[PDB]
Structures are given as C-alpha cells and as structure tokens.
Ligand SMILES: Nc1ncnc2c1ncn2[C@@H]1O[C@H](COP(=O)(O)OP(=O)(O)OP(=O)(O)O)[C@@H](O)[C@H]1O
Ligand SMILES: Nc1ncnc2c1ncn2[C@@H]1O[C@H](COP(=O)(O)OP(=O)(O)OP(=O)(O)O)[C@@H](O)[C@H]1O
Ligand SMILES: Nc1ncnc2c1ncn2[C@@H]1O[C@H](COP(=O)(O)OP(=O)(O)OP(=O)(O)O)[C@@H](O)[C@H]1O
C-alpha cells in the first residue's frame, strides 16, 4: 500500500536508502567478522570454544578453524573469507593478517564516508597507498637466511611460526620440524608441503615424540613378515573374510553336516584369494577392513606381509604416494592398480611397532612426524602447527628475504606512508592517511591481547622510530609495557608472506567497497 | 464499478504508479554508470555470488518484485540483441522522461500531447546525429580508445591496459577485406590457479581433454592432423554374428576377435603416419572425439602420435576450420586427402589439469582468448567484460561512423532540441522541452559517480560556446569541461541510434497506459 | 527530532497549500471565498488581504504568508493575492533543483540577480501617458471588475473617477481622508452615485421644517442645548415635586436665552427675503427648541460626529463655536442646496453645491448587509489603484503582459556572479509565468493552449501580448484598455524576492518557550 518501499524493488530484498546507508551495512558485516579474530591474534590471544556440526567439542585458536566452523552467510563478509583462502595459497601465514588489517581498513573507511567523500575516490587512494607499500617493503628487509641446510639455521628461524600456534612448545617443535625439512632441502625446487605427512599416536606428551623417514603408520604388521623389499603393493579396502559373490550365490545350510562343509569352503576360498596375490609377485598387502584369524595363517604360509589400516585418510595417503589404487573387490589379481616402494619393514619407536615405507634407490622426499599426546584435542592443535610450520618454510625455497615482526614492520610502514601522504596534494591524501592508521591496529591487537594499554605501546613505538632505532617490536609481558629489539630476540617473519598479506587485504577493501547493494536473484 | 477477484484503478492515480515505479528503477541503476560507478551483488540463494556492472545482467537474470518494473527489464533483452551496448544508459533516459512529464500532467495536460512531442524531438535529434558522427577510417589507435571506453567500466583500473590489446588484435585478425564479422569465431576459455592479469591470446584452440600416457610428446614442432569420429575402444559386432561361447572364459576370446575389427583400424593410423611424412623431426596428432582404448594408445604413443579423446562438439567444429581436415567417419576410407596440419602442438601443464594448444597457424579462422583468474566471480566478470568489449569494437568496423563519448553528444543534442521551433503542433514543444532535459541526465549522473558537484559540472560544459564545431564532455578526474573527441572517449553510432529509438517507444507505452487491472490475478 | 532538510519540505507544502487555495480568486473570472465568523457573520470577498488577515489558518508556516499581505497594502494597496501565487511557484520550482543536491543559498543568490534585471525591464515597458478622464477609466476597470459580478462594473467607474478628479488640482498630494464613505440600506445596488456635499446621519425632525433650502448661511455650533448643569455657582435642591417644576424652569432658562440669540443673529445678518439658515449643532438639541427655530425658517440638525464637524468647517467655512454668549458673524458659512433625502424608514440631510468643500462623499447603496461591506472594500481598493495612477504617471500593460515579456528577457540573460546562478534566473522565469497559467484555469480554458499562443506572439517591433478572458486568444493590452500600475509591479518583484528568500533560508525548526 501507499507509501511503497523505497528502492526495495527486486524480490523483496532489503535495499537500504541513502539515509539508511546501504554501504555502511557491509562495513558492519566485516566488523563483526574481524572482531572474532582480533582478540585471537598473538601468543597472548584467547582460545575459541569450537562446537562442530558433528557435535564434537574443540578448543583451538587457529584462524582457519574459526572461519570454517562459523558459517558466515553475509556475502559482503565472504569477500575476506575468499581472500583468506587466497592467503592459504602460495604462503601459509597471514590468515589473521587478512582478517585484521582489512577489517581495520573498512572501519577507518567509514570515518571518511561520514565527511562526505565519494566511494570512488577513497578506493583510488587505497590502490595508490598499496603500490607505495610495495616499495618500502624491500627497504624494510633487515637480514636474510644463511641457506646452509643445517638444523641450527632452520630451528632459529622457525620460532616465529611456532609462536601463537602452540605456546610452550617453542623449544620442542622448532627441532622436530627441523629434522624433517632438511631431507628435502638438497632437492632444490622440490620442497613440497604434501611430502611431510603427520601421524598421531596416543601417548604421554610432546617430549616423547620423534621424527622418522618415509611413510609411517601407527598400525603394526598383522603378519609375521618383518622386512621385505617387494615393490608390488596391493591395497584392498575390503575386509578379509568369506567370499560373497557379485552374482546370486545362495548358500543353503540345513543340518550340521552342511555347517562344516561351507565353513571349510570359506577357509578354502580365503586361501585362494591370498594365493591370487602370491602368483603375481606381490608380498605387500594393506587391508582396509578387518582381518580374520584364518587369513593370518595364510599370510605366513606364502610369507606375505599383511598390515591393516582402518582409517580412510591414511589409506588415501598411499594412493598419492606410490600410485596404488584401493580395490573394493576381494583381492583382484591386477597389476596396474599397484604401487612402487623400494623397502617396507617393521620397526619400533617408543615401544610402539610402526611400519616404514621408504625408498633407497630413489632419492626420497617422504617424511613422517610421529606425534604423541594425552588429549586428542590438544594433539590436533599441534598437528595444524606442523602444516603452518612447513608452509612457513615452503615459501623460503624462493628468494630468502626476512622482515622483523611484532609491529616492527608495521609502525615503520605506517611512518613512511604518512610521509608520502603528507606531501601528496589533492583530496587523495585522506585515503593514504587512513591506510597508515589501519597498520596501527595490528600492534594494537597485539598489545590489547597481552593485557597492556594499546596507546602506551604505540607512543613507545613511535618514539623509537622517530629517532631511527629500527626493528623495535612489542615485548611480550603483561607487567612490563616496554619494548625490545627484534633482531636480538629472534623474531623474523617472511617478506613474501607480508607481501601477499597487504595485497590481498587491500583488494578485500576494494571488492567490498565497490558493492553497495545486495540483490537476491532467482535462476 | 469493480468486480471481486480483481483490482482496478479507475482514477488518474494509475498513471502515478507506473511513473513512480520507473523512478524507483532509475535510482537503482544510476549508481553503476561509467568507470566511477559502483557494483551490484548477485545472490543466487544457494551461495553463488557474482559482481557485474552490465545492465543486461542487472535486469534479465536479476529478478524483479514490482510488476511495472518487469517491463523495463524486458527492454534490456531487446537492447542486447541489436547493439549489445547501452542498457544502463537506456533506463536512465526513461527514468527522467516520465519524471519530467509528471510536472505537466499535474497541470492538466493529456499524455497524448506529451508523447507527440517525443516523436517530434526524436527526428530532430536523429537529424542532428548525422553531423556529430565522424566517418574517419579505423586503425590501431582509434580501436584502442574505443576499447578503452567500454572495458574501463568493468575493470577496477588495474586490468585496463592488458585487456585492451587482447580485444583489438583478436578482432583485427578475424576481419579483413570487408567480410562480415562473426562473434562466434572467438572461443572464450577460462583457467584457474593464476592471477587475473595473466589473460593472454591463443592463436589456435584450447582443448579440455588431453592425452594420458607417459610416453607422449610434451611439445611437437610440426604434426599432421587427422579428424576422426569413430570410437577405437571395444565395440559391438559389424557382421551378422552374435555372442557364442562355451563358458565365461570363452567370452574374453571373442572380445579379442571383436577387437580385430577395431585394432585393424589402429594399424592404419600408423600406416598413414610412416608413409606420409614419417621421417625425422616430424609428428602426428589424432583429434578423434570418441574414446580410444589404452591398449591402442600404447602403440600410437611409441610412434610419436599424440592421440586425443573425449572432446566437445563445439571444439570439433573449430578443429576442422583450424587445420582443414575433413572429419573421418569410416576408417575403411582412410586417405591422406583429409589430413590437416598445424604449428606448435604442445601441452602446457597447470596446477590441476593439462590443456593442449594448436597455435602458430597460417590462417586457422579461429582465435581463442584465454582468460585466467583466481576466483569464480572474477572469472565471470572478465568474461562479461570481454563480450561487452568485443561488441563495441565490432560496431566500429561495420559502422565506420563513431560519436564522441563522455556525454558530448547528449549535451550538443540538448542545445539543438531547445533551439527548435514547433513544427507539428502548438503544444508539442512541451514534449520537446521534456525530451531536451531527458538527455541531460547522462552528464548529470556522471558527476555524482565521480564525486563532483552535479550543477558545477553541467553549467561548465554548457557554457562552452564558439563559432566552430565543438563537442565537450565531462571529466571524471578534474571536473572541468573536457573535449571527449581529443582525449579518446568514443562511442558507436549504433548505440546512440538505438538509444533515441528505444527510449521514445517504451516511455510512450508507459505514458499511454490508463488503467491497471488484474486479468485472473 | 528530524535534524535534516525536512524543515524545508514542510514549509514548501504550506506554500503549495496556500497557492492551491488562493488561485481560484484571481481576476474577474475567478470564484469567491466565504468568511464565517462562527456566530453567523457571512462575508464574500476576492481581496487577498482580507483573505489572509481576517482569515485564520492552522498551519504556522502559512501564518507567515498572512503577515506578508498585511505589509503589501500599506505601501501600494493592490496585488496581495498575486503576491502569494508567485511565491508559491517560486518555492515549488526551487524544489526541482534542491533535491538534485543544490544548496538553497545558491538559488537565493540567483533570485537577487533576476530581481535587478526584471526591475530594469520595468522601466522600458512603462507608458508615461498624460492622466486624463479616459485613461483612468481603464485603470479603474482592471481593479473594480474583480470585486463585482459584472452588473455594477459600468456604474462604479464614473463614481470613483470623478471623485478623485475633483480633488486633483494645483499639484496637491492626494489625501484619502478627504473622501467620506457612507452606507445606506433600502435601495438597490446600482443606485450608487457621487455626492458633492456631505451626508449627515440625523436630520431635522419637525413638521414645520423646509424640505429644501436653495441658499443658506450655516452657523457652526457645538453647544449642548439639552438639560445641562449650572454654569453659575448654584446647586440642585428641591423639597417636593412642585419644587422640581420651579427648578426645571430656572435651569432651562440658561438654554432658551441662547436659542433666541440665534434668531437675533439671523435677523441682523441677512434677515430679508431670499435667504436661509441651517444649524449644524453636533450635540443634542431640546425638542422644545426645535419649535422655536422652525417657525422662522431655521432647519436645525443634531447628533453629529466629530469627524463630520471638521468636514463641515471646510464645506461652509464657519469657525467651531463653543459658547453662544459671544455669537459673531465670522462663524457663519455658506452652502447651496440643503434638502432632505427620504428613505423608506429614515431621512438624511444633503448639503451639496458648496463653495469650496475640498471633500467628496461617496454614496454607496445596497439591499443586504454583506453587500454593503463588499462594495466598501471594493471602493477602497479601486480608489487606491487610481491614486497609484495619478501620483505615478507611468503605467504598465495588464492581462499578464509584463510577466510574459519578463520571461523572455530573463531567458536571454547570463549571470555575472557565478555559473551556478543560472538556475536562479531559470526558476524565476518559470515562476513568473504562473499568472498567465492561473488566468486560463479561472476563465475555463486550457492551461497549455493559451500559454503557447501568448509566447509564440513575437514581432520586430514594440508589441505586448496578454491573455483573453473571453476567447483565450492573444490580446494586446493597449488595444482593449487593460492597464496596471507601475508602482504595484515594482513592489511585486521586490516583495517576492524577500519572502521567497526567508522560506529558502531556514533549515531547522524548534519549539520555543517564550
Ligand atoms: N612472540 C612474538 N613476538 C613478536 N611478534 C609476534 C609474536 N607472536 C606473534 N607475533 C606477530 O604476530 C604476527 C603473526 O602472528 P600469528 O603467529 O598469530 O599469525 P599466524 O597465527 O601464524 O597466522 P595463521 O593463522 O595463518 O597461522 C606477526 O606479525 C608477528 O610479528
Ligand atoms: N573514459 C570515460 N570518461 C568519461 N565518460 C565515459 C568514459 N567512458 C564512458 N563514459 C560514459 O559512460 C557512459 C556508459 O557508461 P557505462 O559503460 O557504465 O554503461 P554501459 O555499460 O555502456 O551501458 P550498458 O550496460 O547498457 O552496456 C557512456 O554514455 C559514456 O558517455
Ligand atoms: N479584464 C482583464 N483581462 C485579463 N486580465 C486582467 C483583467 N483585469 C485584470 N487582469 C489581471 O489580473 C491581475 C490582478 O488580479 P486580481 O485583481 O484578481 O488580484 P488583485 O486584487 O490585484 O490582488 P491584490 O488584492 O493582492 O492586489 C492583474 O495583474 C491584471 O493583469
């Protein structure tokens, strides 16, 4: 009826008017997404009480776990989540850097629109300041790596990735990842993140863990074969039991004399299926399902090493390692769906029998980090720290450039951008000045999580950078609000990880600010 | 005077409904005009999110709520078919035509008198349009500035330079010696795992399914192309026979006897390879669309023959035009007269899949434009930007007359319609006066999207007067009156010809309605 | 609440609301409005001043426009409802550009530029014709035909033209206090005329009086000849009713000694034949004194007013007398025909054919009460229009010929303060064309039909074009005799720029608390 809905004319979608500030609703959409991860940044950040959709409880503080479980529905806030998945590509750090800096970009952009600045002019000042931010970032590089492929160089530089993923394991996790990547580091240009597979066994704690070469499974060998150098690996996801035909196959039992005939016939058919693997020359059989007791007798008869893997995630790891495809039928004697491995043997680590899949005539790039833990909740948090620890050094196969962290490269970048924004004439000096103040929220998020007043830390950082004392970052202490040198403490992040993080967070401010209306459409 | 199961508006308020409905649609589409405009969001309901600025996607695929605004959405479906350009600017004319006509209806004027002035002002603006257009010959310099006008509105000013050279060289290679241009000759392909600035041109054709064998050549300098449509896998019988066997073990032997009709045709491919250019530094490529058995692939891959399978029907049509090979439907009639040839046949690998290329041809009559992007919504937006960019350069070569952009035509057309005496009626000048201010909404809203003042921009471009030909337009960066013919802001003549024709027809039919009633609703 | 531009949108709706009300009473073809006092008083008028000052509106913004028309009649006396129709379209045409994002101060800067150009254009169209009898008829015809139902439009012109022409001599300034307006009942509406002499409310009431005196000497008196107090040191004392009869004869003897003194002054100065004597005593007269004067031929009048006595001083020439003890012949005047006009109920004394009265009385007759007040407000608007024609010798063409000619002169005009003042002369040109627009609706013709014909009429000469109230054709105002005042059109463009500024210059409205 009269009066009609102003500007809402497309499928009843809520189109806010000019007084209702339709562009301001997208700013509040990315503000609520940034506020869930603002207090989660840093080593003093708070954990998140994760309740999964399969009714499983989790306590973790990873930035990727928050975005995957908290199902966002606002598509204006989905531009940063799609940019955070772009942050997961080509680097393994900066997922919180995208959510905080682009969230502080749009929060400072709302103060510019309240004066009366156009959205087409502010967005041109962000792309100007983004190109100016890409020039000072090579100039902020203090030191670089030594490129000697030793344990001491890797473990000293890995202390940044272990920080804020799992606090307290700074001395343990820095040496466990360091023993794995140095086996792939002679292979120049071949360091890959999928080569390092993580396995977890329920044990005592972190200090009982160890590093092994090749593919290591926690399940022991079901057979009595200890070591065999057979290349043919036939993986079967079906359980070892009686043969059920794909045809009709009606088995009739009436009296007890037919009970002993068909039970012996199932044992004879189980003997024929193990013999169907023995003629093709395959002495390595991995069983996906359960193994019967009579099938264990046929394993030691033909001297075939039988191992049982119940989990499907570890069975899929062998499909992309040796090329063996899991067959659902009861052991089909084919050769094309098999794998290739030089030697497989059974060994013990920490009084636990594990099976090793390594290669001696091939160079070898598969490594397995056997993790031990009492609780499965905290053990999964260390498992994600391995993936964010290896991907921290997967980018170091490129040009090794290191920048100081902890607000050292944040205030120094905010100082030189404001100097470029002060001398720049025209109305575009307002957007560059707010691009520098968006860089101050990340040391503000680091100081507020440590129980320290944020304005006292920022003025302490701007006093030492005005005198030229570079590489000064936040001192992690709730009682001491002072600062410390970052080159002496050992915090050095990646230059390429800081390059894509400012680039993707600025383009997230480009994509959201270009959208000023949301319309639902029917196909 | 009304019946139930109906709703009839008897007074003159039914005219105020359709005027205020188009005035509401004007304020929606006025924020996305020009390169300084914003974008809109497409919510499919399931999760598919797209951002487009094209007025066809904002009206045809985009669904409406008001029934009166559904008629204007069908106008952009007719506008995209004839010229493919100007659907955002078409709604802004009708949005101010019915708003300006509402001032005279409140004074008691009939809508028939106002819609007669729109026909008189149409022919005056159309006769003025023949003196504004420039009949200069097209070249590389002008077609870039035509591409810089259309592509810069769907681009965030980072992909403007790398997409301009792609749409110019593709059109100039498919049109020469006054032949009619076909937009279906350009193949649009999409690729992931790269940046958005990696959009380049491919001389040949990108095929989806490639060869799956470790012994395949990664790059072939020269190879003979053989087009087939017969499956080289295990098929049924060809002669009057059947499936006769003694047991289940005998059935595998008759399949081998059935494969003898198939494997004989595989050996004829090797026979045509060795005799016809089977020396060193030579190759062979099979582009058979149907499936080929991997046992037959083992004998072909060892001889250096790159055999492909599982292609599309749209891909096989361009393969016959690129190499010139006749599609073979029977291997018994195999002859080298149906053999084609191509240049560098190589298979560039990506992060996920592999795709082959048949580039470096003399005249394949098919140019494939390969788009690369990291997202799905960015991959669709650049594809929407190319098809909007390919249509603006297509109209420039067929119709050699081009007009200056940046509102320079509509400002000069507003001067001609104001300085015009009534020739058909006395009261018809009130429709001419409303049509004179209707063309002024295009430099009016271009100042709002750029952030400048609406009245400071309109006055300064209207005060530009001299004793010579002068067409001035708007400047989105400075705000000063800028000559659009000098800086390189150019539009097509067919865009402005359909802008004057479609606006005087549709805004007539909205003004000529009297009552709105439900016929079964 | 609502701290935004909504304070401007509510004020223009009161301007559009007051425009649509007062647009039906412009010109002779328009309608009228009724003014009900709530008790039963009915008044019909087309004057916009009484339609805004006496008429009460509920809107507070429209009450400011009611104070505009009160300031319009004090300087000119015409064009009050035409003041509302321009400023209604001035704020209506301003809203077309304010919603586009323009500040109202910029449109105000363009309105003052259009005011100086239109005031310079008024100096070129004015006609400095010599003021005579014929040109004052056309000025009185444009003013009086808008308050008359076209049965008194021919009779009332010669009553107001000959009245102001009798008082316009020796380059003296025109004074409206010299014109006396009297009203009488029991007659028709067309029986009105001009009277050379004055009209007294109460006349002589005696059967022995003369019905007409052709020549007489008028003695100005102000002495109360009724039962008055003692002028000698005495008192009022009585013992019974018989003592009061002796006291009333001892008190009234101070009266009739003065009454016989007037007869002694009548017999001394011009006591022969072919003479006369009228008494114009303002105070009360003893009924016994009326028998003493009427036997010798003296017509005695009583119960006069204070303003009428000053007009009797200028008519006859007698000095106002305060005591009869020093009667002297220099207090005597002279007049011509002194007779009584007989009505159905009352009688009125008429003293016309004076020597040099310097005062003309307009006699307006009407059958009804509300008919008398309508012509009384019509004669005051008609006499002030001719007074603007005599003092200001230049006149302008009527029938909206100035406003259409100003619309073309404002189109061919470039601003010299800024470029954004181009809408200020644009909206001022469109709002001035509402007078040929509203004259088409009141006449019953189409609005856009006669607007085209009044704007297409151009030539290579000096030619004015106006609207036709009968046929709707282009009509030259000089050829038919339709003329307005230059002083009214000068105050029209000056007052319209001030009032449309102050409505455009507000942004917030607050509730005061005194
Ligand atoms: N102990 C510390 N000392 C100095 N700086 C630190 C410390 N902990 C965190 N930072 C700063 O925090 C930022 C990265 O912190 P953080 O480890 O929370 O990111 P992240 O968790 O690795 O990202 P992701 O969620 O992708 O794993 C860097 O800029 C770094 O300088
Ligand atoms: N570089 C430029 N500078 C100034 N104005 C421009 C420029 N390029 C285009 N314009 C103006 O923008 C208008 C077209 O705007 P836009 O490209 O947003 O709509 P469109 O895409 O052409 O319409 P449709 O969606 O119907 O195809 C043209 O009329 C032209 O005058
Ligand atoms: N005979 C006529 N034909 C056409 N127009 C006329 C005629 N007489 C007067 N007018 C026009 O009418 C206008 C005056 O209208 P009207 O007398 O109704 O209002 P008004 O009494 O002047 O208003 P106000 O009392 O405020 O002065 C003049 O401007 C004149 O041009």
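The first residue you see is number 1, and the count goes up from there.
Determined via electron microscopy, 4.2 Å.
Cβ atoms here come from the backbone N, Cα and C positions, even for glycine.
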> Among the residues A:24, A:298, A:462, which does Swiss-Prot list with the feature phosphotyrosine?
Replying inline: A:24
> Here are some residues: A:10, A:56, A:200, A:394. Which is flagged as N6-acetyllysine in Swiss-Prot?
Replying inline: A:394
> Hey, Swiss-Prot has ATP bound by A:94, A:95, A:96, A:164, A:165, A:493, A:498. Any idea which of A:4, A:249, A:406 it lists too?
Replying inline: A:406
>> Quick check for you: of the recorded positions A:207, A:254, A:263, which have their Cα within 10 Å of the Cα of residue A:93 (Mg(2+) binding site)?
In response: none
> Under 8 Å Cβ-Cβ from residue A:41 (ADP binding site), six or more apart in the same chain: what's there?
Replying inline: A:96, A:100, A:164, A:442, A:445, A:446, A:449
>> Highest Cβ count within 10 Å among the recorded positions A:95, A:96, A:164, A:311: which residue is it?
In response: A:96
> So which recorded positions out of A:17, A:96, A:163, A:164 are up against ligand 1, CB under 6 A?
Replying inline: A:96, A:163, A:164
>> Please report the Cα separation of residue A:460 (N6-acetyllysine) and residue A:453 (SUMO1 cross-link) in Å, rounded to an integer.
In response: 11
> Cα of residue A:406 (ATP binding site) to Cα of residue A:493 (ADP binding site): how many Å, rounded?
Replying inline: 9
> Which of the three DSSP states, helix, strand or coil, fits residue A:163 (ADP binding site)?
Replying inline: coil
>> So among A:94, A:95, A:493, all listed as binding-site residues, which is physically nearest to residue A:156 (phosphoserine)? Use the C-alpha atoms.
In response: A:493
>> Return the residues near residue A:263 (phosphoserine) by Cβ distance under 8 Å, restricted to its own chain and a separation of at least 6 in sequence.
In response: none
> Distance between residue A:163 (ADP binding site) and residue A:24 (phosphotyrosine) at the Cα atoms, whole Å?
Replying inline: 36
>> Measuring Cα to Cα, how many Å separate residue A:311 (phosphoserine) from residue A:207 (phosphoserine)?
In response: 26
> Hey, of the recorded positions listed (A:165, A:394), which one tops the CB count within 10 A?
Replying inline: A:165
>> Can you tell me the CA-to-CA distance separating residue A:248 (SUMO2 cross-link) and residue A:254 (SUMO2 cross-link), as a whole number of Å?
In response: 19
>> Check the DSSP secondary structure of residue A:94 (ADP binding site), expressed as helix, strand or coil.
In response: coil
>> Here's one to test understanding: among the recorded positions A:17, A:95, A:207, A:218, A:499, whose C-alpha is closest in space to the C-alpha of residue A:493 (ADP binding site)?
In response: A:499
